[PDB]
Amino acid sequence: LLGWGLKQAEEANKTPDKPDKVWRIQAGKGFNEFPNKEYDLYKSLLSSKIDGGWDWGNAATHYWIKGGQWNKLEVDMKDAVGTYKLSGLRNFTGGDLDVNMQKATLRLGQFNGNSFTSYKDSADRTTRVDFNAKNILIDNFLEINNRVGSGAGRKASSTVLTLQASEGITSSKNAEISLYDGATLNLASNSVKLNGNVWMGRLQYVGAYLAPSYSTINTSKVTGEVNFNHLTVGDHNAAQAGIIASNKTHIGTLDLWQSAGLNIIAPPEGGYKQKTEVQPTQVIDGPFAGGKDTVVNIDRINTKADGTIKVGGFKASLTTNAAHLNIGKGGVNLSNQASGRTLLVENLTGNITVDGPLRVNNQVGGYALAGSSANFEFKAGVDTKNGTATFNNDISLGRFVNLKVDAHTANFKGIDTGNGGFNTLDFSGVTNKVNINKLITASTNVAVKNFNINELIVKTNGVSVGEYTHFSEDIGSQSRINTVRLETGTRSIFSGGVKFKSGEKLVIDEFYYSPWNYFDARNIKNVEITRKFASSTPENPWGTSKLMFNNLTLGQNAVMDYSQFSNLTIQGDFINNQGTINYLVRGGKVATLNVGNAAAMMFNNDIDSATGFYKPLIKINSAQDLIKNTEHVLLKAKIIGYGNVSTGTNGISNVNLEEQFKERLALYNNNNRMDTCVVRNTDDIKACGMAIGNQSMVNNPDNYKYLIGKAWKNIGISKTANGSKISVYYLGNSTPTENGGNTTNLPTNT
């Protein structure tokens, strides 16, 4: 219950023991003259002063030094050249070896493995088993702080297996290092490469499913390339292991447990370093920061999960205070029981760069049932708060799997939660930005504080209503979505959709309407549009699209596609700058737009060189089947406060502001404006006669000469531009007079 961070910090600073009987063996002559002999080293040197034994209680073998475990020995060779194997030291209790083998390749295995234990007597002693070989080459298994047999006999105290070779501590494929409840081990060569099963923490007893079972592989000063291959933390317990590495830790396969921990800790920046009785200064550190080039390339994470079912998750962790955390191509795996299993990928003072696909139960989407809500979790740069969680790979969520990220600027590339839905896609700790490139949501709990998701997919969820893409926090100032895409949803019901809950503005540039998916736009007061605000099916709109607003603004040139079949309902101040909203008829009817409070619109010299006159400010297309002799309400207007940069209209004048709103608009048909036919040359006379339906402009271009750099308004078409109504009075596509009236000049701003 203490935690590993206390335990290793208080066990790395002790006195070894009080050994009486310091046996001092020394290899003499004969050993130091055969470079290739392959000595044994237990029987050929050691076994005089290491005795076997039988314990009354769970014995097979029993080794100590001499007459009780409270005795040291040493072996001072320093010249004995050869290659020395151990081969079969099982249940070694012993104490305080240091097989000081200079210029000697080691081996710890042939036909049998090894063990290094102590006993939990009244002294609670360590073992402090050192070696000082040249290579090591473990090459079979090893059971540091194991059990004697099963249960009987005695209990086991702690141990240390220091291993301080000088060429590189490799290993074998079949060499299962199994360090248990108390065992640590230092290493101090260069370029360890443990190519076998590293098994930190195990059931030391068969029934003890509730042991803390700490460990440590303090590869402290390994000056080369640390390299694991197969790390398997935990077995049926909360094994809180730890590693204090040396700022480059490639590992391979990680196989955690449900509730076992891991503390991969980088170095500091500068690198490491009666009577009253006074204990020595038990120095203890707190959670500190890595150095700069502290690399942890855990390139595959797995997580087995089997056993009983608890009320919640278990949340295996790996606190990793290096200044990086790269996770490669195997990415993140998980396995899920009936309760939602949980992975805690922390980083105190670094970054995270996961370039691998998230899986759960080993598939890319990863569906899960409603009770098994699998919980992925990332904490990038916690105690510096400028830490990024870059996921440079396309992630994918199935159903009932949960992401949360607490970073500074959690960049992304691709998010797939709309395939399954029911995915808590949390972002609750994001400091500023979440720069997602592609988003897929169906029934999702997205909550981002500030972002720019430059592409959006709005999916439905079949027939379930009330479950949708529910933004549940502040969207805020610098937010942006460069493309919204509502896919054409289900039949006759708004099952999926999007609503907001907070924020002040959202610069959306592109939109798509859709049957039976709703773009609810709650609580955001400056919904700005800058380019094409379109529909997914302009050739055939149908269904409904609840665009239940509260306020918006349209900037420049942003066209809109409002049908009768996508009920855009504004409950606020539609403020329209120089943008050309287009209509479609769907049966000769003008789709009126219901401005809730005030369609306050201000413009400027919004002129195009297509006519020489101004841009068609509100465009009425496809109105050739428009019903003649009928007032067509264009949009419901409540207050139209027009303005330009001056009082002067149609260029510069003293003319009032509202009259040219009859002029700049367009009933855009026959590839021309049926409102006015602004003519600057002789060739457009044919298209003008096609617009008005008169042979006076078809067969004769020189018929009318009032139109060289001029214009004329079509009589028989009137509009309202007061402060209370915008309408269209289409009663005639009439023939104009030549030099009598309804003719204007050019504004001359092109």
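Just so you know, all these numbers are worked out from the coordinates, no wet-lab data involved. Positions of Cβ are backbone-derived with ideal geometry, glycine not excepted, and every protein chain shown enters the neighbour counts.
Kindly provide the trypsin sites (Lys or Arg not before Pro) of the range 376-426 that DSSP labels as loop, not H, G, I, E or B, and whose Cβ sees at most 16 other Cβ atoms within 10 Å. Don't skip to the end; give the middle numbers.
On the way: sites: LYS379, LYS385, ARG399, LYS404, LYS413; in loops: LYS385, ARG399, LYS413.
Listed in order of number, the matching sites are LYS385, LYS413.
Can you divide the C-alpha Rg of the range 210-276 by 2.2 N^0.38 Å and report the result to two decimal places?
On the way: Rg = 15.2 Å, N = 67, 2.2 N^0.38 = 10.9 Å.
Working it through for the range 210-276, the quotient is 1.40.
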Open item on the list: Could you tell me the extents of the range 272-359's C-alpha atoms along the three principal axes, largest first, rounded to whole Å?
Closed with: 61, 39, 15
Task: Backbone N within the range 686-707 under 14 Å of label point (7 Å from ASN745 Cα along the Cβ vector) - done: 707
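Taking Rh as the Kirkwood radius computed over C-alpha pairs, what is the Stokes-Einstein D of the chain at 25 °C in a medium of viscosity 0.890 mPa s, expressed in µm² per second? Let's see the in-between values first.
Values: Rh = 31.9 Å.
Value of D from the Cα-based Kirkwood radius: 77 µm²/s.
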TODO: Would you please name the trypsin sites (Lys or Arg not before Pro) within the range 557-642 that are DSSP coil residues with at most 13 other C-beta atoms within 10 Å of their C-beta?
DONE: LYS628
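Excluding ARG341 itself, calculate the net charge of residues whose Cβ lies under 13 Å from the Cβ of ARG341, where each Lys or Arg counts +1 and each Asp or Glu counts -1. If you can, show how the numbers build up before the last one.
On the way: positive: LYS304, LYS310, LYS315, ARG359; negative: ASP306, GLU377.
Neighbour charge sum, excluding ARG341 itself: +2.
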Task: Proximal charge balance of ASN670 [Cβ under 14 Å; K/R count +1, D/E count -1] - done: 0
- [ ] Find out how many positive minus negative residues lie around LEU203, taking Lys and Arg as positive, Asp and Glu as negative, among other residues whose Cβ is under 11 Å from that of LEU203.
- [x] 0
Task: Amide H within-cut-off set for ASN100, under 5 Å, with H built and near neighbours excluded - done: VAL75, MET77
Task: Rounded if a/c under 1.5, otherwise prolate or oblate - the range 123-204, Cα gyration tensor axes - done: oblate
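Of all DSSP beta bridges located in the chain, what percent are antiparallel, nearest 5? If you can, show how the numbers build up before the last one.
On the way: 19 of 129 bridges.
Given both bridge residues lie in the chain, the antiparallel proportion sits at roughly 15 percent.
Using a 10 Å cut-off around each Cβ, can you sort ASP76, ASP285 from fewest to most neighbouring Cβ atoms?
Values: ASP76 16, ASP285 11.
So the ranking, lowest neighbour count to highest, is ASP285, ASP76.
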Task: Spatial separation of Cα centroids for the range 126-160 and the range 1-69, in angstrom - done: 9 Å
Task: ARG480 long-range amide H proximity, modeled H, under 5 Å - done: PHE451, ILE453, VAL507
Open item on the list: How would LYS21, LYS85 line up from fewest to most surrounding beta-carbon atoms within 10 angstrom?
Closed with: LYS21, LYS85
- [ ] Please turn the phi angles of the range 14-20 into ³J(HN,Hα) values with the Karplus equation 6.51 cos²θ - 1.76 cosθ + 1.60 (θ = phi - 60°), one per residue in order, whole Hz, x for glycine and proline.
- [x] 9, 7, x, 6, 10, x, 6
TODO: Could you pull out every residue, at least 5 positions away or on a different chain, whose amide H is within less than 5 Å of the one on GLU225? Hs are placed 1.01 Å off N in the peptide plane, and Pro or chain starts have none.
DONE: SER191, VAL192
TODO: Give the order of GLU277, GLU473 when sorted by the count of other beta carbons within 10 angstrom, beginning with the fewest.
DONE: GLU277, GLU473
- [ ] In Å and from the alpha-carbon atoms only, list the Rg and Dmax of the range 44-139.
- [x] 13.7, 41
Task: Rounded Å value of the spacing that divides the Cα centres of the range 516-563 and the range 490-509 - done: 10 Å
Open item on the list: Helix-only estimate, please: 222 nm mean residue ellipticity of the chain, summing -39500 (n - 2.57) across DSSP H runs of length 4 or more and dividing by its residues, to the nearest 500.
Closed with: -500 deg cm²/dmol
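Rounded to the nearest 0.05, what FRET efficiency do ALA370 and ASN694 give with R0 = 56 Å and r taken as the Cβ-Cβ distance? Could you check? List each step's numbers first, then the result.
Numbers: r = 70 Å, r/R0 = 1.24.
Result of the calculation: an efficiency of 0.20.
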Task: Alpha carbon centroid spacing (whole Å) that separates the range 200-226 from the range 244-262 - done: 11 Å
TODO: Express as a percent, rounded to the nearest 5, the fraction of DSSP beta bridges in the range 571-700 (both residues included) that run antiparallel.
DONE: 35 percent
